[PDB]
>>> print(open('my_file_32.cif').read())   # mmCIF, C-alpha atoms
data_input
#
loop_
_atom_site.label_atom_id
_atom_site.label_comp_id
_atom_site.auth_asym_id
_atom_site.auth_seq_id
_atom_site.Cartn_x
_atom_site.Cartn_y
_atom_site.Cartn_z
CA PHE M 1 59.52 -72.17 -54.05
CA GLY M 2 58.70 -68.58 -53.12
CA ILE M 3 60.53 -65.29 -52.88
CA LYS M 4 59.79 -62.42 -50.53
CA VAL M 5 59.94 -58.93 -52.03
CA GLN M 6 60.53 -55.99 -49.69
CA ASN M 7 60.80 -52.20 -50.01
CA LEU M 8 57.80 -51.57 -52.22
CA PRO M 9 56.57 -48.02 -52.98
CA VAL M 10 53.97 -46.83 -50.47
CA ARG M 11 52.02 -44.80 -53.03
CA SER M 12 51.16 -47.93 -55.07
CA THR M 13 47.97 -49.90 -54.44
CA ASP M 14 48.10 -53.58 -53.45
CA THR M 15 46.59 -54.58 -56.78
CA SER M 16 49.13 -52.50 -58.75
CA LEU M 17 51.98 -54.24 -56.93
CA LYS M 18 50.44 -57.70 -57.30
CA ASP M 19 50.13 -57.25 -61.07
CA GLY M 20 53.57 -55.64 -61.31
CA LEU M 21 55.30 -58.38 -59.32
CA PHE M 22 53.59 -61.03 -61.45
CA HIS M 23 54.65 -59.32 -64.68
CA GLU M 24 58.22 -58.86 -63.45
CA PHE M 25 58.80 -62.31 -61.98
CA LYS M 26 57.01 -64.51 -64.52
CA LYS M 27 60.06 -63.89 -66.72
CA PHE M 28 62.06 -66.32 -64.59
CA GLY M 29 59.61 -69.20 -64.96
CA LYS M 30 55.99 -70.12 -64.28
CA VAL M 31 54.58 -68.20 -61.30
CA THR M 32 52.05 -69.95 -59.06
CA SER M 33 50.64 -67.14 -56.93
CA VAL M 34 51.38 -63.56 -55.89
CA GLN M 35 50.36 -62.23 -52.51
CA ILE M 36 50.59 -58.75 -51.07
CA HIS M 37 50.83 -58.44 -47.31
CA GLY M 38 50.59 -54.84 -46.12
CA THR M 39 51.08 -52.32 -44.97
CA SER M 40 52.91 -49.08 -45.76
CA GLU M 41 56.63 -49.85 -45.45
CA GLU M 42 56.29 -53.30 -43.88
CA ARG M 43 54.37 -54.06 -47.06
CA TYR M 44 55.88 -56.96 -48.96
CA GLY M 45 55.12 -59.36 -51.77
CA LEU M 46 55.38 -63.10 -52.03
CA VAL M 47 55.99 -64.57 -55.46
CA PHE M 48 55.69 -68.37 -55.67
CA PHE M 49 57.28 -70.42 -58.44
CA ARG M 50 56.26 -73.79 -59.84
CA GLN M 51 59.89 -74.94 -60.00
CA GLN M 52 62.64 -74.30 -57.47
CA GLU M 53 65.09 -73.81 -60.36
CA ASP M 54 63.04 -70.70 -61.27
CA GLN M 55 63.04 -69.37 -57.72
CA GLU M 56 66.83 -69.68 -57.68
CA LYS M 57 67.13 -67.92 -61.05
CA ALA M 58 64.97 -65.09 -59.70
CA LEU M 59 66.91 -64.77 -56.44
CA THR M 60 70.30 -64.78 -58.17
CA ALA M 61 69.20 -62.32 -60.85
CA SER M 62 67.37 -59.81 -58.67
CA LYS M 63 70.27 -58.61 -56.51
CA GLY M 64 70.16 -54.82 -56.82
CA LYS M 65 67.07 -55.04 -59.04
CA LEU M 66 65.00 -51.91 -59.65
CA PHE M 67 61.24 -52.34 -59.37
CA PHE M 68 58.69 -49.51 -59.52
CA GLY M 69 61.61 -47.14 -58.97
CA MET M 70 62.70 -48.94 -55.78
CA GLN M 71 65.77 -51.08 -55.18
CA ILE M 72 63.79 -54.05 -53.88
CA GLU M 73 65.23 -56.56 -51.43
CA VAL M 74 64.37 -60.08 -52.48
CA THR M 75 65.07 -63.16 -50.39
CA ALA M 76 64.06 -66.82 -50.31
CA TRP M 77 60.75 -67.38 -48.53
CA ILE M 78 61.59 -69.99 -45.90
CA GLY M 79 59.38 -73.08 -45.71
CA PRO M 80 58.66 -74.61 -42.27
CA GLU M 81 61.13 -77.52 -42.57
CA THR M 82 64.04 -75.36 -43.76
CA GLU M 83 63.25 -72.93 -40.94
CA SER M 84 63.19 -75.77 -38.43
CA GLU M 85 66.63 -76.71 -39.79
CA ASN M 86 67.66 -73.05 -39.51
CA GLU M 87 66.30 -72.59 -36.01
CA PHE M 88 67.30 -76.02 -34.64
CA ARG M 89 70.31 -77.50 -36.48
CA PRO M 90 73.04 -78.99 -34.24
CA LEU M 91 75.18 -76.40 -32.50
CA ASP M 92 78.64 -75.75 -33.95
CA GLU M 93 81.28 -77.87 -32.17
CA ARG M 94 83.39 -74.72 -31.76
CA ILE M 95 80.84 -73.86 -29.07
CA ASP M 96 82.28 -74.94 -25.73
CA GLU M 97 82.94 -73.35 -22.33
CA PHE M 98 85.62 -70.99 -23.67
CA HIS M 99 83.61 -69.42 -26.49
CA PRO M 100 83.38 -65.58 -26.20
CA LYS M 101 79.60 -65.85 -25.97
CA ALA M 102 79.58 -68.61 -23.33
CA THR M 103 78.22 -67.58 -19.95
CA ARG M 104 76.65 -69.20 -16.88
CA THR M 105 73.26 -68.08 -18.11
CA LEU M 106 70.93 -70.27 -20.16
CA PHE M 107 68.57 -68.39 -22.46
CA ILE M 108 65.37 -70.36 -22.83
CA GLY M 109 63.33 -68.96 -25.70
CA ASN M 110 59.93 -69.86 -27.19
CA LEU M 111 58.21 -70.61 -23.88
CA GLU M 112 54.47 -71.14 -23.95
CA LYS M 113 52.17 -68.86 -21.95
CA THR M 114 51.47 -71.45 -19.28
CA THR M 115 55.14 -72.17 -18.60
CA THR M 116 55.89 -72.41 -14.91
CA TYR M 117 59.05 -72.16 -12.79
CA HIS M 118 58.37 -75.71 -11.63
CA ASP M 119 58.44 -76.93 -15.26
CA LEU M 120 61.77 -75.25 -15.92
CA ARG M 121 63.36 -76.55 -12.74
CA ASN M 122 62.00 -80.01 -13.53
CA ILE M 123 63.77 -80.15 -16.87
CA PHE M 124 66.88 -78.06 -16.20
CA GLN M 125 67.98 -79.13 -12.68
CA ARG M 126 69.58 -82.25 -14.19
CA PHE M 127 72.37 -80.31 -15.87
CA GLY M 128 73.65 -78.43 -12.84
CA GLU M 129 73.00 -76.41 -9.71
CA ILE M 130 70.55 -73.66 -10.52
CA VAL M 131 71.31 -70.28 -8.96
CA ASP M 132 68.19 -68.47 -10.14
CA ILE M 133 65.50 -68.62 -12.83
CA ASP M 134 63.79 -65.56 -14.25
CA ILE M 135 60.81 -65.91 -16.58
CA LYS M 136 60.24 -62.82 -18.68
CA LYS M 137 57.13 -61.58 -20.40
CA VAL M 138 57.14 -60.25 -23.97
CA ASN M 139 54.21 -57.89 -24.61
CA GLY M 140 52.56 -59.13 -21.42
CA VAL M 141 52.87 -62.92 -21.48
CA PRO M 142 55.76 -65.31 -20.62
CA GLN M 143 58.00 -65.80 -23.64
CA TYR M 144 61.51 -66.57 -22.46
CA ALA M 145 63.58 -67.11 -19.36
CA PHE M 146 67.07 -66.68 -17.99
CA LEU M 147 68.25 -69.66 -16.02
CA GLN M 148 71.55 -69.19 -14.22
CA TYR M 149 73.81 -72.13 -13.28
CA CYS M 150 76.85 -72.20 -11.01
CA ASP M 151 79.17 -72.83 -13.94
CA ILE M 152 79.40 -72.73 -17.75
CA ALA M 153 79.61 -76.50 -18.31
CA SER M 154 76.02 -76.83 -17.09
CA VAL M 155 74.67 -74.39 -19.69
CA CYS M 156 76.50 -76.26 -22.48
CA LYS M 157 75.10 -79.60 -21.37
CA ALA M 158 71.56 -78.19 -21.10
CA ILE M 159 71.77 -76.76 -24.61
CA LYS M 160 73.09 -80.02 -26.07
CA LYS M 161 70.43 -82.21 -24.50
CA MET M 162 67.34 -79.99 -24.55
CA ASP M 163 67.60 -77.60 -27.52
CA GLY M 164 64.66 -78.15 -29.87
CA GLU M 165 62.86 -80.45 -27.43
CA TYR M 166 59.23 -79.65 -26.78
CA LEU M 167 58.00 -78.15 -23.55
CA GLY M 168 54.25 -78.26 -23.89
CA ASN M 169 53.48 -77.39 -27.50
CA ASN M 170 56.66 -75.39 -28.12
CA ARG M 171 60.17 -76.34 -29.17
CA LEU M 172 62.70 -74.89 -26.75
CA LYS M 173 65.10 -72.38 -28.31
CA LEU M 174 68.10 -72.61 -26.03
CA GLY M 175 71.31 -70.65 -26.05
CA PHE M 176 73.84 -68.71 -24.02
CA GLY M 177 72.15 -65.78 -22.38
CA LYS M 178 74.05 -62.52 -21.93
CA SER M 179 74.76 -61.93 -18.24
CA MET M 180 73.99 -58.57 -16.65
CA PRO M 181 77.18 -56.67 -15.87
CA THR M 182 78.09 -56.46 -12.15
CA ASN M 183 81.12 -55.30 -10.15
CA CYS M 184 82.15 -58.90 -9.44
CA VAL M 185 84.08 -61.21 -11.71
CA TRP M 186 83.76 -65.01 -11.46
CA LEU M 187 86.62 -67.26 -12.56
CA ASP M 188 86.66 -71.01 -13.05
CA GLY M 189 89.43 -73.47 -13.87
CA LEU M 190 92.15 -72.24 -11.52
CA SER M 191 94.76 -74.73 -10.28
CA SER M 192 95.01 -75.05 -6.50
CA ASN M 193 98.61 -73.82 -6.58
CA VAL M 194 97.54 -70.35 -7.83
CA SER M 195 98.15 -67.76 -5.09
CA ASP M 196 95.82 -65.00 -3.87
CA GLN M 197 98.77 -62.65 -4.29
CA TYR M 198 98.86 -63.38 -8.03
CA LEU M 199 95.11 -62.98 -8.53
CA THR M 200 95.04 -59.67 -6.68
CA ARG M 201 98.06 -58.30 -8.51
CA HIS M 202 96.89 -59.56 -11.89
CA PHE M 203 93.35 -58.18 -11.64
CA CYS M 204 94.52 -54.85 -10.30
CA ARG M 205 95.34 -53.91 -13.90
CA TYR M 206 91.60 -53.38 -14.43
CA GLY M 207 91.11 -51.32 -11.28
CA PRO M 208 91.63 -51.58 -7.49
CA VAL M 209 90.64 -55.10 -6.40
CA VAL M 210 88.43 -54.86 -3.31
CA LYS M 211 89.02 -58.53 -2.54
CA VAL M 212 89.49 -61.95 -4.02
CA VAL M 213 87.54 -64.94 -2.73
CA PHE M 214 89.20 -68.16 -3.84
CA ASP M 215 87.39 -71.52 -3.47
CA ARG M 216 90.46 -73.74 -3.74
CA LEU M 217 88.50 -76.99 -3.55
CA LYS M 218 86.52 -76.03 -6.65
CA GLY M 219 89.14 -73.96 -8.46
CA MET M 220 86.87 -70.89 -8.67
CA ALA M 221 87.22 -67.33 -7.45
CA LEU M 222 85.35 -64.09 -7.08
CA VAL M 223 87.31 -60.94 -7.92
CA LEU M 224 85.39 -58.02 -6.56
CA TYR M 225 85.67 -54.38 -7.68
CA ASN M 226 84.07 -51.12 -6.60
CA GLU M 227 83.15 -50.19 -10.19
CA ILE M 228 81.05 -52.16 -12.70
CA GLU M 229 83.31 -50.75 -15.43
CA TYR M 230 86.44 -52.38 -14.00
CA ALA M 231 84.67 -55.75 -13.80
CA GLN M 232 83.47 -55.24 -17.36
CA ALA M 233 87.01 -54.59 -18.57
CA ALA M 234 88.30 -57.59 -16.57
CA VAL M 235 85.64 -59.87 -18.04
CA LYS M 236 86.18 -58.66 -21.59
CA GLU M 237 89.97 -58.78 -21.49
CA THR M 238 90.14 -62.13 -19.60
CA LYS M 239 87.72 -64.05 -21.89
CA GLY M 240 90.22 -65.30 -24.44
CA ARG M 241 93.05 -65.89 -22.06
CA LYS M 242 95.12 -67.93 -19.62
CA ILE M 243 95.11 -67.11 -15.91
CA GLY M 244 98.07 -68.81 -14.52
CA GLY M 245 98.64 -70.94 -16.25
CA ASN M 246 95.41 -72.43 -17.62
CA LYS M 247 92.70 -71.35 -20.05
CA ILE M 248 90.12 -69.83 -17.77
CA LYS M 249 86.31 -69.51 -17.83
CA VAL M 250 85.05 -66.11 -16.77
CA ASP M 251 81.72 -64.38 -16.22
CA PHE M 252 80.08 -61.78 -14.02
CA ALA M 253 78.67 -62.78 -10.65
CA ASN M 254 75.46 -61.12 -9.50
CA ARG M 255 74.25 -61.03 -5.91
CA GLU M 256 72.51 -64.40 -5.98
CA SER M 257 75.55 -65.98 -7.58
CA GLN M 258 77.87 -64.48 -4.92
CA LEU M 259 75.63 -65.73 -2.10
CA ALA M 260 75.68 -69.27 -3.54
CA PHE M 261 79.45 -69.02 -3.85
CA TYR M 262 79.87 -67.95 -0.22
CA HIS M 263 77.53 -70.63 1.09
CA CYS M 264 79.46 -73.24 -0.80
CA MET M 265 82.75 -72.12 0.77
CA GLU M 266 81.16 -72.14 4.26
CA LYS M 267 79.79 -75.65 3.76
CA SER M 268 83.28 -76.80 2.78
CA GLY M 269 84.89 -75.11 5.81
CA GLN M 270 86.72 -72.40 3.86
CA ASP M 271 86.99 -69.04 5.61
CA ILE M 272 85.15 -66.12 3.94
CA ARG M 273 85.64 -63.44 6.62
CA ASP M 274 87.17 -60.22 5.23
CA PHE M 275 89.30 -57.45 6.86
CA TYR M 276 87.61 -54.34 5.46
CA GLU M 277 84.18 -55.89 6.12
CA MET M 278 84.86 -56.43 9.83
CA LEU M 279 86.15 -52.87 10.12
CA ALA M 280 82.79 -51.71 8.76
CA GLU M 281 80.86 -53.77 11.30
CA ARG M 282 83.03 -52.24 14.00
CA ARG M 283 82.08 -48.80 12.65
CA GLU M 284 78.33 -49.42 12.83
CA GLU M 285 78.36 -50.58 16.45
CA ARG M 286 79.84 -47.20 17.42
#
>>> encode(input="my_file_32.cif", output="structure tokens")
Amino acid sequence: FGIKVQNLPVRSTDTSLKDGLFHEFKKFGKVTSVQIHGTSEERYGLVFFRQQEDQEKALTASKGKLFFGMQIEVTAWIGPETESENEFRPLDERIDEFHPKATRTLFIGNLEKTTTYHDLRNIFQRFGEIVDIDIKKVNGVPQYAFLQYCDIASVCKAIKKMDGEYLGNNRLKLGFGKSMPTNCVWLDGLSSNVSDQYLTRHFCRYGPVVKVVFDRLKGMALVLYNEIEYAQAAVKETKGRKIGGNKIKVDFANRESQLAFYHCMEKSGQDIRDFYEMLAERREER
């Protein structure tokens, strides 16, 4: 039932603005209260209406409205339930593994101060193999975390099940986290008939491919470059597309992700030894 009025003149006193806002907005209907919350240019007014019909009239009619010489910006003041709906409504079904924002990284926002790595593993290990978890502090205290899984499906499942669920006193705000750019591309969804020849030749369009590491039991591959920029181009240009001849999932792979990938191939008996790498080891021993 309130509106929020921004871009008020800094030379006016709080009282002047309070009285002015009241006088201006009472024209739309009965006004319940007017509050000024400073200061300077973050200074804004709240005008509360008895009837929501009046609030709507005032919002609709005050687009590009001049007030005390200023083109004020006036928006609905969001009540707690509407905001909860805003901040927690069911995710759009368009959001799946192939969405341009989808990554292997779960953003976990709204953490409480006391949040521990053990808590996060306890809730989020159910949705997939965790590669790493990084809790970050905002202004000094834990506020959010990046939790990286081995694939994208796991992030989607975690979001679906846990978004808006409480952890301690706080509702989790889950989403796709951006992944830090690296020089290594990760691909998922490759048929076992895809050849290394094809992958190397295809990804060479983005720059010289240092090597490809194809886990053919899992249908995943690393495509490694010597430049972060090439991997960035490969990721960006591959995101929408088919890599022969299936819609592919694609992300960056950081060091921890690569290590997990290699271990997994070793455990399954797939060779990860590389030509140029052995040559290097030969070089050192000389």
>>> resolve_selection(input="my_file_32.cif", expression="the PyMOL selection byres ((chain M and resi 145) around 12)", output="count of residues only")
37
>>> resolve_selection(input="my_file_32.cif", expression="the PyMOL selection byres ((chain M and resi 194-209) around 9)", output="list in words")
residues 190, 191, 192, 193, 210, 211, 212, 213, 214, 216, 223, 224, 225, 226, 227, 229, 230, 231, 232, 233, 234, 243, 244 and 245 of chain M
>>> resolve_selection(input="my_file_32.cif", expression="the PyMOL selection byres ((chain M and resi 258) around 12)", output="NGL selection string")
:M and (131-132 or 150 or 182-187 or 212-215 or 220-224 or 251-257 or 259-265 or 272)
>>> residues_around(input="my_file_32.cif", residues="residue 8 of chain M", least_positions_apart="3", cutoff="12 Å", atoms="all atoms listed in the file", output="PyMOL selection string")
chain M and resi 4-5+11-14+16-18+20-21+36-46+66-74
>>> residues_around(input="my_file_32.cif", residues="residue 3 of chain M", least_positions_apart="6", cutoff="8 Å", atoms="all atoms listed in the file", output="PyMOL selection string")
chain M and resi 46-48+55+59+74-77
>>> closest_residue(input="my_file_32.cif", among="M:90, M:80, M:65, M:159", to="residue 6 of chain M", atoms="all atoms listed in the file")
M:65
>>> atom_distance(input="my_file_32.cif", atom1="atom CA of residue 267 of chain M", atom2="atom CA of residue 282 of chain M")
25.8 Å
